[PDB]
Amino acid sequence: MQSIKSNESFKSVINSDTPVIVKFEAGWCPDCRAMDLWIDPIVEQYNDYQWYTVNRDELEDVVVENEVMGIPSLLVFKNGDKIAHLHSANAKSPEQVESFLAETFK
């Protein structure tokens with residue numbers, strides 16, 4: 001998962017013809033840390049898609065405008081449009097993330 005470090009970079013990768021998956025997170029967060037222990041196989045299954053991270057405190061403008069309400073959240077984009085949003089309250093286990101991505105990519 002490559003880190004996005006600016007608003008322009010964010011705009012740029014979300015205007016992809018092929019879908020893009022972005023994890024919003026922060027370094028202090030033990031739920032964000034948890035997710036990293038189990039997310040790598042899901043990333044591999046979903047290899048065909050680009051995965052990125054956004055630090056929630058670093059790009060607030062992005063966070064607020066994409067209606068990111070807690071962390072970790074997983075949002076999916078295609079041609080600039082937000083196509084799915086996994087809110088952090090439901091992002092607690094690999095089962096939950098897998099199910100969200102299956103529902104979004106079906």
Side-chain angles (χ1 to χ4, degrees), residues 1 3-7 9-32 34-49 51-94 96-102 104-106:
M1 292 209 227
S3 169
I4 290 162
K5 70 169 183 65
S6 77
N7 293 345
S9 188
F10 180 79
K11 307 201 317 202
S12 170
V13 302
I14 72 158
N15 194 215
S16 159
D17 222 42
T18 283
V20 163
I21 300 158
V22 188
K23 183 190 171 199
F24 288 74
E25 68 175 350
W28 64 271
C29 183
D31 299 326
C32 294
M35 173 168 294
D36 286 336
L37 292 170
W38 41 257
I39 201 81
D40 290 4
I42 297 172
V43 170
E44 180 183 320
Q45 165 172 199
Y46 287 89
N47 260 359
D48 288 341
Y49 310 112
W51 291 67
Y52 298 96
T53 54
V54 163
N55 188 103
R56 193 268 331 273
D57 297 314
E58 191 161 294
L59 301 172
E60 178 173 57
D61 286 0
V62 173
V63 164
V64 317
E65 201 60 30
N66 288 279
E67 301 176 353
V68 170
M69 307 301 194
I71 55 182
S73 297
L74 213 53
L75 318 199
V76 181
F77 296 85
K78 189 190 176 70
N79 301 299
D81 301 318
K82 196 174 51 185
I83 64 166
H85 186 128
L86 183 56
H87 177 47
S88 53
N90 305 328
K92 289 297 214 298
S93 66
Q96 276 171 312
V97 174
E98 281 180 356
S99 166
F100 166 73
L101 295 180
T104 125
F105 284 106
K106 268 168 34 170

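The first residue in the sequence is number 1, and the count goes up from there. Hydrogens, waters and symmetry mates play no part in the numbers below; they use all other heavy atoms, side chains included.
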Which residues pass the side chain to side chain donor-acceptor pair (under 3.5 Å) test with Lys82, not counting sequence neighbours?
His85
When you compare the side chain of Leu74 with that of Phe24, does any pair of heavy atoms fall below 4.5 Å?
no
Main-chain N/O of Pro19 paired with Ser16 side-chain donor or acceptor, under 3.5 Å:
no
Which atoms form the tightest heavy-atom contact between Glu58 and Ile4, and what is the distance?
OE2-O, 4.0 Å
Side-chain donor-acceptor contact under 3.5 Å, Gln96 with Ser93
yes
Can you tell me how the ring of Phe10 sits relative to the ring of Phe77, calling it parallel under 30°, perpendicular over 60° and tilted otherwise?
perpendicular
Between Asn55 and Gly27 the two heavy atoms that sit nearest each other are OD1-N, 4.2 Å
Atom of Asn15, atom of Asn79 and distance for their closest heavy-atom approach:
ND2-C, 3.5 Å
Could you check whether any side-chain N or O of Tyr49 sits under 3.5 Å from a backbone N or O of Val43, counting only pairs where one atom can act as donor and the other as acceptor?
no
Quick one: do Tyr52 and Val13 satisfy side chain to side chain contact (heavy atoms under 4.5 Å, CB included)? Show the steps, please.
CA-CA 9 Å; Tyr52 298 96; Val13 302; 3.9 Å; yes
Shortest non-hydrogen contact from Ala91 toward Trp38
O-CH2, 3.9 Å
For residues 59-73, run the donor-acceptor check on the side chains, cut-off 3.5 Å, and write out each pair with its distance to 0.1 Å, sequence neighbours left out.
{"unit_1": "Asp61", "atom_1": "OD2", "unit_2": "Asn7", "atom_2": "ND2", "d": "3.3"}
{"unit_1": "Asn66", "atom_1": "ND2", "unit_2": "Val62", "atom_2": "O", "d": "2.8"}
{"unit_1": "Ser73", "atom_1": "OG", "unit_2": "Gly70", "atom_2": "O", "d": "2.5"}

What I'd like to find out is whether the side chain of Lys23 reaches to under 4.5 Å of the side chain of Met35, using heavy atoms alone.
yes
Which heavy-atom pair separates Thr53 from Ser3 by the least distance, and what is that distance?
OG1-CA, 3.3 Å
State, with a plain yes or no, whether a side-chain heavy atom of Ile21 is found less than 4.5 Å away from one of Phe105.
yes
Flag side-chain contact, heavy atom, 4.5 Å: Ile39 against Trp51:
yes
Quick check: does any side chain N or O of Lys78 sit under 3.5 Å from a backbone N or O of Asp17, one acting as donor and the other as acceptor?
yes
Output, in order, the C-alpha distance, side-chain angles, deciding distance and verdict of side chain to side chain contact (heavy atoms under 4.5 Å, CB included) for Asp48 and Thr18.
CA-CA 9 Å; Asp48 288 341; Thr18 283; over 6 Å; no
Looking at every non-hydrogen atom in both residues, tell me the closest pair between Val54 and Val22 and how far apart they are.
CG2-CG1, 3.6 Å
Residue set satisfying side chain to side chain donor-acceptor pair (under 3.5 Å) with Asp81, at least two apart, ordered chain then number -> none
